Every structure is written in C-alpha cells, then in structure tokens.
Amino acid sequence: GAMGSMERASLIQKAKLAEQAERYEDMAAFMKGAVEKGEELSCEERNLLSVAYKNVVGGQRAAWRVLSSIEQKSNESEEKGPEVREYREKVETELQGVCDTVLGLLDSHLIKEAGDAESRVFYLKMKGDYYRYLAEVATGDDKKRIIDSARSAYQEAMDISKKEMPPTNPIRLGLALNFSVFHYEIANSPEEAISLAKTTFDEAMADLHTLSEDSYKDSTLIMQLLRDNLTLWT
Amino acid sequence: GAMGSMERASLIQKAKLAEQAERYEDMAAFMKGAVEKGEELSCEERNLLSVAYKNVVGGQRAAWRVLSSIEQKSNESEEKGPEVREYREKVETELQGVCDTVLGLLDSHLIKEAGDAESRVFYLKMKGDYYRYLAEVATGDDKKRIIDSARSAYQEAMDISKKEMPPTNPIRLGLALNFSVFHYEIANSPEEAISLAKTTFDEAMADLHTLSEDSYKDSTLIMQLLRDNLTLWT
Amino acid sequence: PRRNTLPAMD
Amino acid sequence: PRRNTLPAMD
Ligand SMILES: [Mg+2]
Ligand SMILES: [Mg+2]
Ligand SMILES: [Mg+2]
Ligand SMILES: [Mg+2]
C-alpha cells in the first residue's frame with residue numbers, strides 16, 4: 001500500500017482534486033488507499049470510490065472493444081501477425097487486474113462491515129458490476145462461474161433493496177438498470193432484461209408523488225435511462 | 001527499455017492500434033521503444049511519436065492548470081492544508097518527467113541523425129515544444145535557461161524551414177503557430193507573437209496557388225489556426 | 001446509441 | 001476559446 005503513509009482525510013481530499021483534474025487513475029489509487037485504512041466509507045466516499053474505478057475500467061473496456069473488433073475483422077482477411085491479439089490480451093489482463101483490485105476491496109472488507117441497506121446494496125451492486133466486466137472478456141471454463149458470481153451479487157442486492165428501500169431510491173434504480181443490462185447482454189435473457197426494467201420504471205413512477213423536487217430529479221434522471229434501454233430493446 | 005525485446009515493426013503496429021484505442025500512454029511507450037531501436041524515423045513514424053506524447057503531456061498540462069488554479073484560489077480564503085500543493089507538485093513532477101523523456105529521445109539521438117529539412121525541423125520544433133511545457137511550470141533559477149532552450153530550438157528550426165521549405169509547408173506553419181504562442185504567453189512578447197503569425201499567414205496565402213487540392217486543405221487548415229490566434233490577440 | 005448503465009464515464 | 005498550438009489533443 002503506497003498510500004499507507006498518507007492521512008485518510010488527505011487521501012479523500014486528493015481523490016476530489018483528482019476528479020476535478022480528470023485524473024481517474026490517481027482518483028482510484030487515492031480511494032484504494034482510503035479504503036485500506038480499514039474504516040467504513042460514508043455515502044460521499046462510496047460515490048468517489050465508484051466514480052474513480054468506473055472511469056478507469058471504462059477507458060479499458062472502450063479500448064478492449066476497439067481491439068477485439070479489429071482482431072475479429074483480421075480473422076474474417078490479410079494476416080498481419082500476432083500484434084492485435086497480443087495487445088488486446090495486454091489491455092484485457094490490465095482490465096481483469098482492475099476488476100480483481102475492486103473485488104478484493106469489497107471482499108477485504110467493505111461488504112462484511114456494511115450493515116446499512118444503502119451501503120450493503122451499493123457494494124453488492126459494485127460486486128455484480130465488476131464480475132460483469134470480467135464476464136464481458138471471459139472465454140474459458142470459468143466464464144459460467146463468473147456470470148453466476150455477478151448474478152448472485154446482483155440478486156442479493158435486489159432482495160435487500162426490495163425489503164429496505166423505496167422503489168425510487170437512486171441506488172435501487174441504478175442496481176435494476178445494471179442488473180437489467182446483465183440479463184440482456186451477459187446472461188442471454190433479453191425478456192428478463194425487459195421485464196425488470198418495465199417493472200422498475202412502473203413501481204418508481206407510482207412512488208414519485210412522495211418525493212421532494214431534488215429527489216424527483218435524481219429518480220426521474222435514472223427512470224429515463226431505464227426508458228431509453230427499453231426503447232432500444234423493443 | 002521494457003520494449004527492447006519487441007520488433008520495431010510490431011512496436012509501430014501497436015502504436016497505431018493504441019491510437020485507435022485512445023491508449024496514448026501505451027502509444028508513447030511503443031513509440032519510445034521504436035526510437036530506442038536506433039534507426040531514423042519515417043515521416044509517418046515521426047507523427048505517431050508526436051501525437052502519442054502530445055496527448056500524454058496534454059492530459060498532464062490540463063490537470064496541472066486545474067490544480068494550479070485551485071491552489072491559487074486557496075492562497076487568496078480558508079486554509080485546507082498542504083494537499084492541493086502536494087498533488088499539484090506530484091502531477092508537475094510527472095509532467096517534467098515526460099518532457100525530459102522526449103528531450104532525451106531527441107538528444108539521443110534523433111536530432112543529430114536528422115539530415116533532411118523535414119525531419120530536422122520536426123524534431124527541433126518538438127524540442128522547443130517540450131522546453132515550452134517545462135517553462136509553463138518553471139518558477140526557480142532555471143526558468144530563464146529553460147525559456148532560452150525553447151527559443152534557441154524554435155529559432156534553429158525557423159532558420160532551416162525558411163531556407164528549405166515552402167511557406168505553405170505544414171511543419172513550417174505548425175512551427176510558426178507554436179513559436180508565435182511561445183512569444184505570446186512564455187516570452188512576454190505579444191507583438192512578436194502577432195508579427196510572426198501575420199507574416200506566416202500572409203506568405204503562405206501567396207504560395208497557396210502552387211498547391212494541389214489536398215495540400216491546399218492541409219495548409220489552409222493551419223492558416224485558420226493562425227488567424228484564430230490573431231483574432232483572439234487583436 | 002449504447003444502452004445505459006450507471007455510473008457513466010465522465 | 002484557448003489559443004491553438006499543434007498538434008492538438010484527440
Ligand atoms: Mg504513502
Ligand atoms: Mg417476447
Ligand atoms: Mg520487451
Ligand atoms: Mg502594439
């Protein structure tokens with residue numbers, strides 16, 4: 001832990017500076033150091049951890065998809081040698097390393113200490129998300145196990161959020177959006193994908209009347225992402 | 001040299017894959033390995049080296065400017081401690097390291113082997129550019145020396161391009177645009193900045209008639225950047 | 001138009 | 001509107 005000698009409060013302050021600077025690798029490393037201090041994370045600190053790693057893995061997924069596409073076009077075609085495959089493997093190995101880093105943080109020991117609905121559902125969502133990114137690139141004998149590790153984390157998160165959070169809760173809506181996409185493009189379950197997004201959209205719509213203007217904006221922002229997916233899929 | 005065991009041709013192929021993937025750190029590292037093979041660089045390979053490092057240093061300069069700005073606002077104000085200064089220093093040290101890497105490549109040994117106008121002017125421009133980025137963050141006793149190392153490289157490039165290239169040559173126009181900006185915002189010479197850009201714009205305009213349609217587009221694209229700067233400065 | 005997941009890249 | 005230099009970031 002290269003961050004072990006910095007103050008937790010300085011690690012958090014520098015993650016926010018690094019967001020403002022669009023330095024997401026620094027942001028992630030700062031938030032990694034903060035988590036490794038061993039204290040629970042606040043709501044804001046959880047968002048910083050999520051935002052930081054999502055931008056890092058997002059750059060790697062975009063890069064992976066471009067190289068996977070070139071590599072497929074070269075397997076249809078004039079042989080160019082092993083360079084496309086080797087580079088796509090290097091990026092992929094880096095991507096798997098980032099997903100393993102996040103999963104290790106959730107397993108040591110964020111999830112076992114998360115007693116509140118909002119914290120536990122948040123981390124269980126992250127676990128599903130980072131198993132899903134692994135599954136996007138998996139081809140071997142562990143692909144089925146990876147998919148099931150995503151499904152299992154997503155399901156436990158869904159069970160808690162159903163019992164403990166209103167249908168408009170932004171973490172609950174984000175979980176359902178992502179779980180829906182998992183059904184669609186990972187689990188080959190497009191009907192399940194569509195059913196969960198309609199049901200999520202409809203139940204939140206009925207709860208909107210209970211909300212303040214700011215909560216209303218938060219929730220309706222995510223309902224619009226659910227509706228966009230459904231428009232794309234139907 | 002972590003790239004010493006890869007083929008020069010594979011290093012070049014992977015720099016182009018890394019551009020397509022928007023992986024500019026990989027792109028730069030690949031082009032660094034290619035240069036360290038010790039062979040001269042072709043016109044295309046020079047562009048790959050320039051593009052790769054420009055995107056890397058560009059991310060660091062943007063990050064530096066955001067942190068320098070926050071740091072100044074906090075020195076006007078509620079004390080927040082040393083975190084802003086420490087993080088701006090870390091980014092700055094990384095930026096200086098990238099500029100030193102490029103300058104070491106030009107000095108060992110790209111410039112001494114560049115006998116053609118187009119290659120030598122290209123590298124001398126790069127030398128001026130990367131001394132200019134160092135000068136953007138310099139505050140100590142070497143700032144004056146850094147500025148003069150930029151001016152000196154820019155001038156030698158300008159002398160060769162004046163003797164050896166037509167006024168519409170894209171490397172010559174890019175050199176004058178950048179040298180102009182050096183005068184404006186580094187050397188405190190806004191009149192010199194304006195004079196060089198008008199003179200560059202005017203001499204190329206008179207040479208446009210000698211050009212093919214594609215050369216015409218190349219050159220007029222860069223004359224428009226010269227005109228934009230002049231519109232901003234006058 | 002890519003399907004949405006949260007959070008989104010910058 | 002920032003003044004231009006070449007090459008430009010992606
Ligand atoms: Mg430390
Ligand atoms: Mg059906
Ligand atoms: Mg090697
Ligand atoms: Mg005047």
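Below, read A as the first sequence line, B as the second, and so on, with proteins coming before strands; counting in each chain starts at 1. No hydrogens, no waters, no symmetry mates; every other heavy atom, side chains included, goes into these values.
Side-chain contact annotation: A:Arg46 with A:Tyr123, donor-acceptor N/O pair under 3.5 Å absent.
Every residue meeting the side-chain contact (heavy atoms from CB on, under 4.5 Å) condition with A:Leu225, not counting sequence neighbours, appears here in chain and number order: A:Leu177, C:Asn4, C:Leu6. The side chain to side chain donor-acceptor pair (under 3.5 Å) search around A:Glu113 returns none, not counting sequence neighbours.
Contact of A:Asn47 with chain C is not made at all, since no heavy-atom distance falls under 4.5 Å.
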Apply salt bridge (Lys or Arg N to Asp or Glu O under 4.0 Å) to A:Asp129 and A:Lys125, showing your working. CA-CA 6 Å; A:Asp129 281 344; A:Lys125 172 180 168 291; 3.1 Å; yes
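By the 4.0 Å N-to-carboxylate-O rule, A:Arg120 lies close enough to A:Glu156 to be salt-bridged with it.
Evaluation of the side-chain hydrogen bond (donor to acceptor under 3.5 Å, both in side chains) test over residues 180-198 of chain A, restricted to residues two or more places apart or in two chains, returns A:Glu185-C:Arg3.
The interface of residues 226-234 of chain A with chain C, defined by heavy-atom distances below 4.5 Å, comprises A:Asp228, A:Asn229, A:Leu232, A:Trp233.
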